[PDB]
Amino acid sequence: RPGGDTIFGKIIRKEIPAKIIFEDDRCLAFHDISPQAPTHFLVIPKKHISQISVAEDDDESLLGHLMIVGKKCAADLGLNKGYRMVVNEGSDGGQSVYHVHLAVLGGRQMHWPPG
Amino acid sequence: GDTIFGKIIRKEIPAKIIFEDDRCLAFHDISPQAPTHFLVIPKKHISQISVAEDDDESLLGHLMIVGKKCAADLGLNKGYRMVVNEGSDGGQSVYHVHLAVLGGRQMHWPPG
Ligand SMILES: Nc1ncnc2c1ncn2[C@@H]1O[C@H](CO)[C@@H](O)[C@H]1O
């Protein structure tokens, strides 16, 4: 509206506060309010895409940008020992907000399997 | 490159291939952690996501779109989880960038 009225769309439009790490014209990185690792943040597109399963072919650059921004933010946040990037899709993926997001978790040893 | 994923790309050792194009390969993981568990990897040898170049941005997105399409082809209509591991804390097992896609069961939180 632009960004939609999911909570993530509201965050994009500064209508709900968030702890922002990085912002550009395509995406926003901000900390997760329910962290599952010592560092846990999200990278979201400003364009509303509900879930990765409905992303268009022409969304490739944008999706890749989420990953590049995620890795840059992880470096800026000092995650020199590594981290895990996660995209949850739908019910089995554990998706809770239908605005696609890349989660980045680090600052501890991550285990296998990844859930 | 110089990892087992390079050997798989070069067809030197076998893998159950799901999809291929000029720039990536998708194949079932040898150690599956879900009823469906596959990888999408670039043919370009990027060792880890932390060293990916800005110019690789659309290639990385291509891995995700290919992962989405393969998931649908493999019947993952209830959802799935995509994972990229970086470094030792991330549990990265092979130093060749890979996007893992897992589904066919409920995935749990935290994701490791
Ligand atoms: N207002 C919010 N600010 C930051 N993260 C959020 C917010 N609401 C939900 N999340 C996080 O989004 C993730 C998936 O929707 C979860 O890890 C959850 O904690």
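What's counted below: heavy atoms across the whole structure, side chains too, no hydrogens, waters or symmetry copies. Whatever order the structure lists ligands and atoms in, that order sets their numbers, starting from 1. Within every chain, numbering begins at 1; the chains are lettered A, B, ... in the order of the sequence lines, protein sequences first and strands thereafter.
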Item to check | Short side-chain donor-acceptor distance under 3.5 Å, B:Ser50 and B:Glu86 | outcome: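 Yes, a side-chain donor-acceptor pair sits under 3.5 Å.
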Item to check | B:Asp29-B:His98 side chain donor-acceptor pair, cut-off 3.5 Å | outcome: no
Checklist entry - How far is atom 14 (C) of ligand 1 from its nearest protein heavy atom, and which residue and atom is that? => result A:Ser96 OG, 3.2 Å
Next on the checklist: Which of the numbered atoms in ligand 1 are under 4.0 angstrom from any heavy atom belonging to A:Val97?
Outcome noted: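 Listed by number with element: 15 (O).
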Checklist outcome for this item: So the atoms of ligand 1 within less than 4.0 Å of a heavy atom of A:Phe8 turn out to be 12 (O), 15 (O)
Next on the checklist: Please classify the A:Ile16 to ligand 1 contact at 4.0 Å (heavy-atom distances, strictly less than): side chain, backbone, both or neither.
Outcome noted: neither
Checklist outcome for this item: The answer for which part of A:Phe41 has a heavy atom under 4.0 Å from ligand 1 is neither
Checklist entry - Would A:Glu56 and B:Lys68 pass as an ion pair if we require N to O under 4.0 Å? => result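 The answer is no: the pair does not qualify as a salt bridge.
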Item to check | A:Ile16 CD1: over 12 foreign heavy atoms closer than 6.0 Å | outcome: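 More than 12 within 6.0 Å, yes.
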Item to check | Sub-4.0 Å heavy-atom contact, A:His31 with ligand 1 | outcome: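 In this structure, A:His31 qualifies as a contact of ligand 1 - some heavy atom is under 4.0 Å.
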Checklist entry - Does A:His101 have a heavy atom less than 4.0 Å from any atom of ligand 1? => result yes
Item to check | Derivation of the side-chain hydrogen bond (donor to acceptor under 3.5 Å, both in side chains) call for B:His96 and B:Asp2 | outcome: CA-CA 9 Å; B:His96 185 122; B:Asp2 51 11; over 6 Å; no
Checklist entry - Angle class for the B:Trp109/A:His40 ring planes (parallel below 30°, perpendicular above 60°, tilted otherwise)? => result tilted
Checklist entry - Out of A:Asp32, A:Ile33, A:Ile7, whose heavy atom sits nearest atom 3 (N) of ligand 1? => result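 Among A:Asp32, A:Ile33, A:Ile7, the closest heavy atom to atom 3 (N) of ligand 1 belongs to A:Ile33.
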